[PDB]
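Just one chain follows, in the form deposited in one PDB entry, and it is written as structure tokens.
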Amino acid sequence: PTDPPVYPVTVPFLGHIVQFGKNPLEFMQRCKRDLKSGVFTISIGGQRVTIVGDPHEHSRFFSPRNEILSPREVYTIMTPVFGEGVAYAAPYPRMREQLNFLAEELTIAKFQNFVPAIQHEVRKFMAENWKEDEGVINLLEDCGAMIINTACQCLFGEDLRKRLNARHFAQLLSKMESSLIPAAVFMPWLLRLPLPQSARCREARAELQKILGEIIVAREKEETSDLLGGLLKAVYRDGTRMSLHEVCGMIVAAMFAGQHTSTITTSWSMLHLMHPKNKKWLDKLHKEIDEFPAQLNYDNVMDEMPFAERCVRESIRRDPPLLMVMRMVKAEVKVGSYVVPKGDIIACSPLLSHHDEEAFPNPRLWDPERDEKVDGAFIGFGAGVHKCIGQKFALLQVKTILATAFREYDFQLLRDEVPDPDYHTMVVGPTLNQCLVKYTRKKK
């Protein structure tokens, strides 16, 4: 029968913009607690948003098919970045084929030379930028630079990187990104407001696609196995080749998806590990990595870093970079004793569910040894058919960075406490001006 309870609204135009914008973690716990329901509804500018904040009900968000809970309508703001006809904007079966092709480029089959590529690039960075015996750095910025540099070294052949270096790629992604209005997911009318300067999303994507076109022409001329080369062998079930427009789009998706999420996960991980109270965990990290050779390989990172993986997964559990995942409800869904109606946005919140007292007791505590106490409660990388395809690659990057950085340097946070999360950006990370750290090169 029953609609989920709606948190009381006192200003109709805005709904709960003020309280949700200011502090999503507090506000979502408040609704859940005061409405006495894991499943509840808020308003963003009048759009109903129904949140499935009971982890026992996660599968009611993650299992229904696309024609019932449809991501397309929520992510139409990405069309200028990924492209028309690409990903979400393609018919559902074709979307799935395209994403599957990109997932195959990021599985363990492709990783055998990634660890040394990552390591070589990290060391280049540290040698260029962490030069003296000690120095002060912004860690969130530097981790960001290492994430883009490493991913490019892994995924793009040398011919590509001669036309399109990591800094130039970074600039292209920044222009695509800065054009986006995250709230237009809930309030599409925001696209009608004037901008402070012209957007450059369409020009930046056109330039990327033109570079890739030119690289392809050249490769074809000289007579194969980077990301670009793999996507060029993609053939759909209808017997047609993935187009240049689509290949470009999957490449943007891949770089775009990782750039803030992996950076932030790296940064948080290092921020907890270096905090004085977490000395026991840093010691345990050293036990695990202190017997490694200078030149790490696939086995060391994939098989011999379980504790460091737990550090990374717990940093995501505590402070998930993506606070919510969303679907447009095309046909009503039953969730527990409620029915979520057609036209709602339905969402599952890693932020909310990771603070559930049953699933994660003392959830503001960073405890790499914890396990979820409700199965499937951790949803940092989603679940079901839309689960993260970049998750293995991302974890390979982060763990390689950690093993390399903490081998050569000690770190000290220049404030008393790990940063507050800054909930003001669409991908959520530690507050930037709080991420000053002092490195000290270890006696070798």
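Each form is matched to the other, and the largest set of C-alpha atoms that superpose within 1.5 Å is called the rigid core. Note that residue numbering begins at 1 and tracks the sequence as displayed.
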Exercise. Should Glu223 be counted as unmodelled in at least a third of the other PDB entries compared?
Worked result: yes
Problem set entry | Sequence continuity check, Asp238 and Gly239 (deposited residues unmodelled) | none
Exercise. Taking the recorded C-alpha temperature factors, which stretch has the higher mean, 28-36 or 406-414?
Worked result: 406-414
For this session: Higher average CA B factor in the deposited record is what I'm after, so tell me if that's 333-341 or 123-131.
Result: 123-131
For this session: Go through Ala89, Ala257, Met270, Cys311 one by one and give the residue whose Cα B-factor in the PDB entry is largest.
Result: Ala89
Problem set entry | Given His168, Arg192, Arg94, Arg364, the residue at which the Cα B factor reaches its maximum | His168
For this session: Using the B-factor values recorded in the entry, state whether the Cα atom of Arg72 falls in the lowest, middle or highest third among the modelled residues of its chain.
Result: middle
Seminar exercise, completed: So, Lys373's CA B-factor, relative to its chain, sits in which third? The middle
Exercise. Lowest, middle or highest third: where is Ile216 by Cα B-factor in its chain?
Worked result: highest
Problem set entry | Within-chain third of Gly144 by Cα B-factor, per the entry | middle
Exercise. If you rank the chain by CA B-factor, which third does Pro8 end up in: lowest, middle or highest?
Worked result: middle
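One more form of this protein should be noted, the form deposited in another entry, which is absent from this view; the next part is about it.
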Seminar exercise, completed: In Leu195, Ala127, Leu365, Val136, the 2 Å or greater C-alpha shift between this form and the one not shown, rigid core superposed, occurs only at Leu195
